[PDB]
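The chain contents come next:
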Amino acid sequence: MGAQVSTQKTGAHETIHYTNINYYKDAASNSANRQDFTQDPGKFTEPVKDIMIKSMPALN
Amino acid sequence: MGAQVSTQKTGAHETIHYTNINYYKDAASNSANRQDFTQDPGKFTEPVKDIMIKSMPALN
Amino acid sequence: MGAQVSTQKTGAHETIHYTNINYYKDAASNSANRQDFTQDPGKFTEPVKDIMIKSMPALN
Amino acid sequence: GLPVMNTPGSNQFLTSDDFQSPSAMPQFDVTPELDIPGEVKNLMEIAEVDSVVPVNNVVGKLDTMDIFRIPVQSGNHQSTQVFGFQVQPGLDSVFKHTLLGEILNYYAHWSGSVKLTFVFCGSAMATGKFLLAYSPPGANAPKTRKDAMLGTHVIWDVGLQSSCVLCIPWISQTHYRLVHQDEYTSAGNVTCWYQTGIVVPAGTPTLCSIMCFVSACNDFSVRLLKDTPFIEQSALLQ
Amino acid sequence: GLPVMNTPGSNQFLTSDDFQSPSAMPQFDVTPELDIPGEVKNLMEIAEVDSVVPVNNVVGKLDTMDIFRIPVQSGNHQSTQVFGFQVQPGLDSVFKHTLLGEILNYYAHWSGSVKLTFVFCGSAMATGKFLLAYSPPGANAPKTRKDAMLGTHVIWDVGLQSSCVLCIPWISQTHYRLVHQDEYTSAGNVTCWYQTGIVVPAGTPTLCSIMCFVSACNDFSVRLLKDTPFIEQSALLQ
Amino acid sequence: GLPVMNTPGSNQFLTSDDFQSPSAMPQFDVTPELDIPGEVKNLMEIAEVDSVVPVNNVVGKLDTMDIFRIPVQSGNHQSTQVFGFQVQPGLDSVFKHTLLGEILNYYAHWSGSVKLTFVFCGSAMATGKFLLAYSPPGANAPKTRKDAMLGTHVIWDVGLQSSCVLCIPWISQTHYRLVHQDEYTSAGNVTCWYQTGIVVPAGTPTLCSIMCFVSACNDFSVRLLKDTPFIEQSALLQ
Amino acid sequence: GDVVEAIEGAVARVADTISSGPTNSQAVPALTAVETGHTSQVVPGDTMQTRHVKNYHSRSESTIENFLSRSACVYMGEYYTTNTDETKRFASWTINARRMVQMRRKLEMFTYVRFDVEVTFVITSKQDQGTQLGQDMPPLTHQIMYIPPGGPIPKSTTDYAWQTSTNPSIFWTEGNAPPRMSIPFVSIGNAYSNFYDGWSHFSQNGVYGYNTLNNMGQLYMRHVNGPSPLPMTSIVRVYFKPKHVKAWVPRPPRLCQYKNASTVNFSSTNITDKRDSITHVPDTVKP
Amino acid sequence: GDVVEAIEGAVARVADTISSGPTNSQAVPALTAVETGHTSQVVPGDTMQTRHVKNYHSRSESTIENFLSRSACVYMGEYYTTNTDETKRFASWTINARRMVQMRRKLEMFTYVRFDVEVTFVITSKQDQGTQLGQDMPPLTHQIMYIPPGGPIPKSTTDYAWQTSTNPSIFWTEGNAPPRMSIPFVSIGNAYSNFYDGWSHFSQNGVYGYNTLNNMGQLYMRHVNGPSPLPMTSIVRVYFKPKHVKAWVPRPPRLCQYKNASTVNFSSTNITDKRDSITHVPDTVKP
Amino acid sequence: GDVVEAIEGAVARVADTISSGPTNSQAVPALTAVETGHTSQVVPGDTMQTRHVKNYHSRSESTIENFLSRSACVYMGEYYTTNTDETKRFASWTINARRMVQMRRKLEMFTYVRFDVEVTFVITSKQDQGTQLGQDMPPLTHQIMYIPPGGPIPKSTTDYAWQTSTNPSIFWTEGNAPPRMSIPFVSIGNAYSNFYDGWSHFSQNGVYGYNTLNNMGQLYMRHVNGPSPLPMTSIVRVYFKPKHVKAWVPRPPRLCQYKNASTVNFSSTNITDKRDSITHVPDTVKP
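Residues numbered from 1 in each chain as written, not as in the entry; some residues may be left out. Chains lettered and ligands numbered in written order. Part of a larger assembly, values for the part shown. Heavy atoms only, no water.

Engineer: Teacher, can you tell me more about the overall build of chain D here?
Structural biologist: Each helix and strand counted, chain D has 3 helices and 15 strands in total. On C-alpha atoms alone, chain D measures out to a radius of gyration of 24 Å, which is more than a quarter above the 18 Å that the 2.2 N^0.38 rule sets for 238 residues. With respect to the principal axes defined by its C-alpha atoms, chain D has extents near 90 × 45 × 35 Å. The buried share of chain D, reckoned over its 238 residues, is 67%. The long-range share in chain D, meaning contacts at least 24 apart out of those at least 6 apart in sequence, stands at 82%. For chain D, the exposed surface amounts to about 7,800 Å²; the carbon and sulfur share of it is 59%. Positive and negative side-chain charges in chain D, numbering 12 and 20 respectively, have mean positions lying 15 Å apart. (Helix = DSSP H or I, 4+ residues; strand = E, 2+ residues; numbered from the N terminus. Rg over C-alpha atoms; globule rule 2.2 N^0.38 Å. Buried < 20%, exposed > 50% of the residue type's maximum accessible area, 1.4 Å probe, protein only. Contact = heavy atoms within 4.5 Å. Areas by Shrake-Rupley, 256 points an atom, 1.4 Å probe, with all protein chains shown as cover. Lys, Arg positive; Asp, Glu negative; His and termini not counted. Charge placed at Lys NZ, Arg CZ, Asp CG, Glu CD.)

Engineer: What is the right way to read the pattern of salt bridges from this model?
Structural biologist: Side chains that carry opposite charge are capable of pairing whenever their charged atoms lie near each other. Under the counting rule described, the total for this entry stands at 72 salt bridges over all chains. Between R114(G) and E33(D) there is a salt bridge whose closest N-O contact spans 3.8 Å. With one member in each of two chains, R114(G) in strand β5 (residues 110-127) and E33(D) in the loop between β2 (27-28) and β3 (39-40) form a pair that bridges those chains. Several salt bridges share partner residues, and in doing so they unite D26(A), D17(D), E118(G), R180(G), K241(G), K243(G) and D116(H) into one network. (Salt bridge = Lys/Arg side-chain N within 4 Å of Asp/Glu carboxyl O.)

Engineer: I tried to follow the relation of the copies chain H and chain I on my own but got confused; where do I start?
Structural biologist: Two copies of one chain are present, and they are related through a rotation about an axis combined with an axial shift. Overlay of chain H on chain I (RMSD 0.0 Å): rotation 120°, translation along the axis 0.0 Å. On this basis, the relationship between the two copies can be described by a three-fold rotation axis. When you check the interface residues of chain H against chain I, 84% turn up at the interface there too, and the contact is symmetric in its surfaces. (Least-squares fit on C-alpha atoms.)

Engineer: I would appreciate a short explanation of the relation of the copies chain I and chain G in the present structure.
Structural biologist: Once turned by 120° and shifted 0.0 Å along the axis, chain I lies on chain G with an RMSD of 0.0 Å. Both copies share a contact surface, since 84% of the interface residues of chain I are interface residues in chain G too.

Engineer: I keep staring at the interface of chain I and chain G and nothing clicks. Help me out?
Structural biologist: It is common to give the size of an interface as the accessible area lost on bringing the parts into contact. The partner chain G presents 126 residues to the 136 residues of chain I that form the contact. Of the roughly 6,900 Å² buried between chain I and chain G on both sides combined, carbon and sulfur atoms contribute 56%. When the area that chain I buries against chain G is broken down by residue, the three leading residues are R99(I), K155(I) and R180(I), summing to 12%. Our count for the chain I to chain G interface comes out at 3 salt bridges. A salt bridge links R104(G) to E174(I), with the nearest nitrogen and oxygen atoms 3.3 Å apart. Inspection of the chain I/chain G interface yields 254 residue pairs in polar contact. (Buried area = accessible area lost by both parts, 1.4 Å probe. Polar contact = N/O pair within 3.5 Å; in protein donor to acceptor, adjacent residues only side chain to side chain.)

Engineer: It is not clear to me how the interface of chain H and chain I should be interpreted in this structure. Could you clarify?
Structural biologist: Across the boundary between the two partners, chain H contributes 136 residues, which contact 126 residues of chain I. Buried area between chain H and chain I, summed over both chains or domains, comes out near 7,000 Å², and the portion from carbon and sulfur atoms is 56%. When the area that chain H buries against chain I is broken down by residue, the three leading residues are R99(H), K155(H) and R180(H), summing to 12%. Applying the counting rule to chain H against chain I returns 3 salt bridges. Summed over the shared surface of chain H and chain I, the result is 255 residue pairs in polar contact. Its residues assigned to classes, the side of chain H that touches chain I shows 68 nonpolar, 45 polar and 23 charged. (Nonpolar A, V, L, I, M, F, W, Y, C, P; charged D, E, K, R; others polar.)

Engineer: In this structure, what is going on with the pairing of strand β11 (residues 163-168) of chain D? I would like to understand it.
Structural biologist: Side-chain positions along a regular strand alternate between the two faces of the sheet. β11(D) sits mainly inside the fold: 6 of its 6 residues count as buried. Neither face of β11(D) is open: one carries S163(D), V165(D) and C167(D), the other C164(D), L166(D) and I168(D), and all of them are buried. Pairing between strand β8 (residues 114-120) of chain D and β11(D): 6 bridges, direction antiparallel. Bridge pairing in β11(D) places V119(D) opposite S163(D). Bridge analysis of β11(D) against strand β2 (residues 31-32) of chain G gives 2 bridges, and the strand direction is antiparallel. Note on β2(G): the bridge partner recorded for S163(D) is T32(G). (Pairing = 2+ DSSP bridges.)

Engineer: What is the right way to look at the sheet that holds strand β6 (residues 81-86) of chain F in this model?
Structural biologist: Adjacent strands of a sheet pair through backbone hydrogen bonds, lying either parallel or antiparallel. Residues and elements named next belong to chain F. The 4 strands lie next to each other as β6-β13-β9-β10, forming an open sheet whose pairing is antiparallel. Looking along the sheet, the strands with just one partner apiece sit at the ends: β6 and β10 (152-157). Strand after strand, the sheet turns through a mean of 15° between neighbouring axes, direction not considered. Here β6 pairs with strand β13 (residues 189-199) via 5 bridges, running antiparallel. From the neighbouring strand, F85 faces β13, where its bridge partner is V190. (Axes fitted to C-alpha atoms, helices over the stretch in contact; angles between N-to-C directions.)

Engineer: Just to check I follow, could you spell out the packing of aromatic side chains for this structure?
Structural biologist: Each aromatic ring pair is characterised by the separation of its centres together with the angle its planes make. Counted according to the given criterion, the structure contains 105 aromatic pairs over all chains. For the pair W110(F) and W170(F), a centre-to-centre distance of 5.1 Å together with 75° between the ring planes defines the contact as edge-to-face. A residue pair is termed long-range when its members are at least 10 positions apart, and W110(F) in strand β7 (residues 107-111) and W170(F) in the loop between β11 (163-168) and β12 (177-178) qualify at 60 residues. Taken together, a centroid distance of 6.2 Å and an interplanar angle of 80° make the contact between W93(H) and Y146(I) edge-to-face. Placement of the pair is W93(H) in strand β4 (residues 90-94) and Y146(I) in strand β6 (residues 141-147), with the two residues belonging to separate chains. Here the aromatic residues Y23(A), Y24(A), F28(E), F13(F), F19(F), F115(G), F185(G), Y192(G), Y210(G), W248(G), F171(H) and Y239(I) are joined through ring pairs into a cluster of three or more. (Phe/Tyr/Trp six-rings, centres within 6.5 Å; stacked < 30°, edge-to-face > 60°.)

Engineer: Is there a simple way to explain unusual backbone geometry in this structure?
Structural biologist: Negative phi characterises most residues that are not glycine, and trans characterises most peptide bonds. Although it is not a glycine, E46(C) adopts a positive phi angle of roughly 45°. Looking at where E46(C) falls in the secondary structure, it is placed in the segment after β2 (17-20). The partly exposed category is assigned to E46(C), whose relative accessible area is 25%. Even without being a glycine, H244(I) presents a positive backbone phi close to 60°. Its place among the elements puts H244(I) in strand β11 (residues 232-250). On the basis of relative accessible area, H244(I) is assigned to the buried category, the value being 0%.

This is how it looks when you write it as structure tokens:
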């Protein structure tokens, strides 16, 4: 079978995997991508050319 | 193209493949996984610790 | 991440890629396969045995 | 414009078809999967599980728990049959509502052996032997134990093991039988007789019960999905 | 909480967009695929197929099969034009309802050459030559065969091969024409004249017919999806 | 027929579940993806953006732009507090409708530091120093600047840099606080006092304003999705 | 694997019949204990002599995918094209598979299910009966809007909510193939719940059952042509086909008749049908 | 290919124009036989002299995916928020793409189609006209339940069927983006059928046509807030966008106007529109 | 990778707290300029002394997938099983997520969204009140037809449009799990639009807003059993769960109450709620 084996949402400090097989032929029919955690807050915060140093006065 | 080539549901005793290409970007939109035939009747039958031998009396 | 990197619909004569990640578990949930351009007009035009040469008279 | 020709079956909605569609929710992030106990991958995993057979489906008992108990007693009763039914695991009112029978009534064709487990529920002091006889079709149901013991039988001796299995094998002329069974795809009958009495001491109940469990063996299979004749409605909102 | 900023176009429903959605039926096992004959992957494969042109779309004939036959006959008739229409393959009432015209009326822009095949349907004993002349735009439709033979023409000789192809090439100032064609994106006209009569023996019908088939060549293409002006409704349930 | 057993939770519709379903549109070719500017992948990217805090949410001003300006002036006013509120970033009427507060009211638990940027909007000639003091919970809000300067404070000096940041750190007994905050998960208060006056020359407006921007720091996070108490309806079609 | 990727045939037959001769031993497979909650794994070779039968049967049509991936009607809703009342010219539907009885009974054979859906619509207009029926109406176009929970509900056929800037909508004109689109698994939990033994409120009251966890939104349907000169009715039928199905905790099939969609309420039902006696097997071999 | 996997550009241009000089030969490409059911593969270079034209045009927008993957209205349905009649406060719809004419005509250009759907809802409320219109109603939340065939149908807005323990449901409050979810291909056959030349009963009677194979369930829609003090109407529009489309056996586009959704019934339609004569080409160059 | 393919845990924690001692320098992180449209990237270590805190918190539940992939009601629609009026026996719905307020407000937090949907239906019948209520009706089956724009709209419950030869339909009988199917992303553009600042006509008039781009079709729902001897009502609730979500251009959350589904019309709303004064912090430590 074409099984995927990923990691379950566990804790980060306290003392495991789950299997998935896609049965249907269309990708619209899969389960949600509940575990895609990439980020980019810079589109909305600091959306400026001339990057600001956060130590420099930011003007003059 | 990213074609998949699987086997068609034929007979098992009487004297062939089909192609699939996924056009859409979401997996919810694929066709059903009509051919996934793994099994495990032991969750529901014989759901006991202390496996039973089927030759032994099963008690005493 | 499991990113796909394909080519955007550009022009063909005037002087680039897009990223896709599938978040959901079902393929029915992906985006449409907007870029699958294979063809076969011969099922409907020239659907004959005894292929016709287009230079020969086509009869007699 | 690639040349193309439309074939019959275009713009039809076949309820059984299998095509790719566009998602109304593009790039929807689906909830992560959770390892829940008890995942079903085949309905035959379900039908392979025992279910109490209502063999005592006689009048005045269809709504009581007495529909499940086959009555046995002490005394000279060998001239009497304990029970008997047709092996119509999806048509017989004795089987149509068991787990196996319910799963069967979603299909048109069935195949394979069927286990009937029998459980004695008398005192530990009561003893008895029974003949459980499956007779293939082509003759009438046996009227005597002498006739029943010519078919496939088990002589069940009651002891510390409280249950016996009578496996009805696949003895058919066809690979499949109809779930809506007629005289062509008949499957026979099952009867029970007292082999050696029921003997009980004093201060012990003299009349006990037997229970029947039906399940499908490992060679069982179904075919030709259909709709159950069981659930029906007159209007919506129901 | 990753910092993030919402852009215009958020929470809009663009009917053309392409995003992933969540499935309302998780892990649904879709029916297996079946190799059905005649799979369409491009509508141009469809529009590349001939379809009988209704060139005789004159009054009293729109609901009859006589709308398809261009009438030819024997005698001195060279002073008369057999037929003529504008090459408006999605606007002209001669083309809007052909296969090519139907596919065209789903788009706004078309490009490429268009084949018109002509079929003679008289006796095997009847003989005739025709001039089929496509004239590019910028002048009026020709009034004589002398004017028509200055454009792109084929001199069709009727024989054992019963059909001729007049290919209307892409001679345009723009890469695309409008399907809803105006005077800027005009495409010209097609006319037919008797080149050398129709000669027939005795005991043979003297008046015969010609049929016109339109299709798109292999360089044909469309652009700018739109809705047809053809199907319309006044209410639902229809 | 594989044997199988159905577990609790079968044929239930859990609105949070994540299973594969069958597509109603098989092999639907989805529109290609377009690189649109400003893709959001986490709501914390949104809540990390400043939003003007309505600190002047006093009567008669809730529908005006005067709700945003904290009034400061020249003169001996140090005996007076510029402003003060509770750090309830999803319950306080000063924060519940900011970007951060809106995102918060979709969850039950929040965690992390919160930036309050303050902007001076007087003349370039006006000068002033302020004490911005966040006090952790467990005592009442300070009544004097002497009490406020015992908590976490910044002494903001107004110059060519027109804004100061007061970061409210995560000083909690629990890892998370409730968005619907009670006395257990209290978070303290923020107050402002004149440190050194407001001094202005002649021909200059003596009363100016200050603006407050709230945002979430990079260690901020939320938990336990819920429905907002904000949007409500009485009927459909709305 | 770049242009073409093969896939090995997952073919799964049922078990063979192994040949068994006569026996006389202390092995007793027909003797077991149902008291253990264990189903006997006896094959026919234990209780009688069997030939060897090589079996080619398969259980492919009892797979959960193959059992559930069938389109089934979940809703049938009427709406007019012209009417003095405005709430009659459009149709609403709160999405749930509990109002048509067959698909509901099929789904409630499991406690939890997770799948994507394929939603097909079958829209069909008819001209209402009246004194005059002559008219020439262009083809009827329909809009089906999916409003997720919280979005604005329309009040008329001309409402701003039909602007569908973000809600997904399908426009379809009559005469064409049925409209069909896919839906991912859109639960807030890890699976759909056919059954919710519990309450909405922590005080153990409020709503009991399926409705607390069930909020997928609603469907609204209208005509776009506006009112016809003469009354017409469109009926929209909604068909769900689950795909990529996963199921957990099977349940005994519903024996009683469903009463409503809000609950599992039922009238008390006989266990099965009566026969003449406990030994009753009717003769089939007779002249 | 672990973090990123490239994908080669499937770009497909139309054929070029090959240069052809003058000819005098026994080759006759313009002479063919339509009697063979074969379309002539003649290019312009055979019947006239052609320059070489390098063509950069593409057929990407006539692909079946690109032709069908557009959201199209399939249903428009009204339902009230308060009314003495209860069946008016919710909307039903039997799922089918046959009641709005445009999408139906688009789909019926093929005999068989297989795709997933993207269902978007556009729900829009309005306040009904009356003597008093002042009120303060909180945002309207809507439930759209998908009931697959066989599940329990609701009878009111307070029915147990709205518990949606297993039926998929969407809850959406007004003011938000339109609700949208995916649906896999959920037919019991290998493709949807736009046309079914045949019957439901083997006696060759009963129902004729599309309705025998068409059972995807229904959609039910309601308000969750309960009744408003003053009447309001929500219209839900349903939009299907097919994706991952496959189509078989193309058909001639529907020429006649659709009459209802149950059938293919039509009034007899002219083949095309009339002109003045067979040679009629109007002058466009004139003062 | 043939039988099993592992997948690396994408775990994403929030940033740690770095330890900062006392400072006296020309670095000024607390001094910035909001005039630049730039949010200060100050951490707590700049404005005070901080211990080192290793942080294990995650932002997994604020991901766009996890924020939107919840089933939400989008439509609730009633339809009768018997009624003299025929347009009452079925339900229509124009698909849009704008009539239930919660899901609409959730979706309208972004300008553009692209996702597949999972459509679940929760169908629930009830017996209407009357003088006689005794009867024995078999389970109610429902058909939900998805009609894409242009297909034929039904006019009755017996219309030919319910033949669903090509429109996707779900048949579901009451008592079973809710019907659920997936829908791909079915927009004609590259994303759904929650907002359309613009018109339908190039003359800058006609329809303004969401409705011009919103045509996903409609949903029709009916009972298949035909009329009951006594009146019954089915309510179908439609639930959308978006999956495989992508969102662009976030917007400030809707502050005002939604008025209808066609528009963004609103009554003017206070910015927030009033308190006693600008310095008002109520005492919580008192006897």
